[PDB]
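S.K.: Mind looking over this structure? Questions follow.
Residue numbers (our numbering): 113 to 137.
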């Protein structure tokens, strides 16, 4: 992937934009 993506996608796993967090990318 990118790893800087995996936690991004991980952000996204949480819901990214609606995850509660900001994006790790």
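Each residue gets a CB set at the ideal place from its N, CA and C atoms; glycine is no exception.
Using the C-alpha atoms, what's the distance from residue 115 back to residue 134?
M.R.: 16 Å
S.K.: Residue 123 to residue 136, Cα distance in whole Å?
M.R.: 7 Å
S.K.: Please state the DSSP three-state secondary structure of residue 130.
M.R.: helix
S.K.: Could you check what DSSP says for residue 124 in three-state terms: helix, strand or coil?
M.R.: helix
S.K.: What is the rounded straight-line gap between the Cα of residue 121 and the Cα of residue 132?
M.R.: 14 Å
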